[PDB]
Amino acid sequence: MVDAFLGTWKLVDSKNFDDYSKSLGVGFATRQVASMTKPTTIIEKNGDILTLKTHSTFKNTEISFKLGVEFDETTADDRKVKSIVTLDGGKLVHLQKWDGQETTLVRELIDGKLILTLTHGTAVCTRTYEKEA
């Protein structure tokens, strides 16, 4: 059941995003702009296919995928990764693999807010999104 994740979401809090992006090898200037950017994430479904848009004044991305089926992805920071998204414990878990590395993007609804936890290396970033009507 992915349905409570669907809709338009706006970033309202961020913790440790610089640590996360730095761990991925993102350069200082991009990290600087990212620290002041508040994306909008739009999650939509059509049958078995989810589409996840991330929009901002800096970078935009869009992916479409079926839960549990690997897909190719080119991330906002230009990594070419092998990805899979599943539901696990009611959380939407996105795993990216490239060059033997991994990162996870885990989304979980808590009190109506969408909490995105990003882990790479030892870095753990928590970002909070609120629903927009």
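Note that residue numbering begins at 1 and tracks the sequence as displayed.
The mean Cα B-factor in the deposited entry runs higher for 24-32 than for the other of 24-32 and 81-89.
The PDB entry records a higher mean C-alpha B factor for 104-112 than for its counterpart among 104-112 and 61-69. Among all modelled residues in this chain, the alpha-carbon of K38 has a temperature factor (C-alpha) in the highest third. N46: CA B factor in the middle third of modelled residues in this chain (values from the PDB entry).
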